[PDB]
C-alpha cells in the first residue's frame, strides 16, 4: 500500500496544501504521518507569502511534525553533500536538507521531481512521484464513495 511516514518537498507541499487540493490533503493527513523539514516549511511560506504568514505557520505546526535542522541532520547532510560535490552534482541546500531529514525520519519523500534526488538514494532516501501519490489518494477518495 504505502508507508505510514511521508514527507514532501516545498514544490510538492505548495501543491498539496493549496485551497484547490483540500480534499486530497484531508485524506493524506487522515492516513499518513507527515514529517516536514523546517526548510520545507520556510520555502512553502515564501510561496504563501508572495500575508499573515504567522497564522499560516501556526496551522502547519498543528498538522505536521516540523523537524528542525538538527545537529545530526547537519552532520549527515555535510557528509552527503561532500559526496555530491565529489561527483560534481549540484543540488541546492534545500534539497540536501530535505533529503537528509527524510533519511533521518525514515519518511518517504514525495516529490514532482524524484530524479534530482536520485544520487541521495544511496544514503537511504526513498522517493515517490507526487502524481503517483495523488493518484493513490484519489482512489481512496473514490473508495470512501
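Numbering follows the first chain given and starts at 1.
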For residue 59, does the count of other compared entries lacking it reach at least a third? no
In a third or more of the other compared PDB entries with flanking residues modelled, does residue 50 go missing? yes
As the entry stands, the deposited residues without coordinates between residue 50 and residue 51 add up to 1 to 3
Should the higher mean CA B-factor in the entry be assigned to 53-61 or to 91-99? 53-61
For the higher mean C-alpha B factor in the entry, choose 6-14 or 21-29. 21-29
What's the residue among 45, 85, 66, 109 with the greatest CA temperature factor in the PDB record? 85
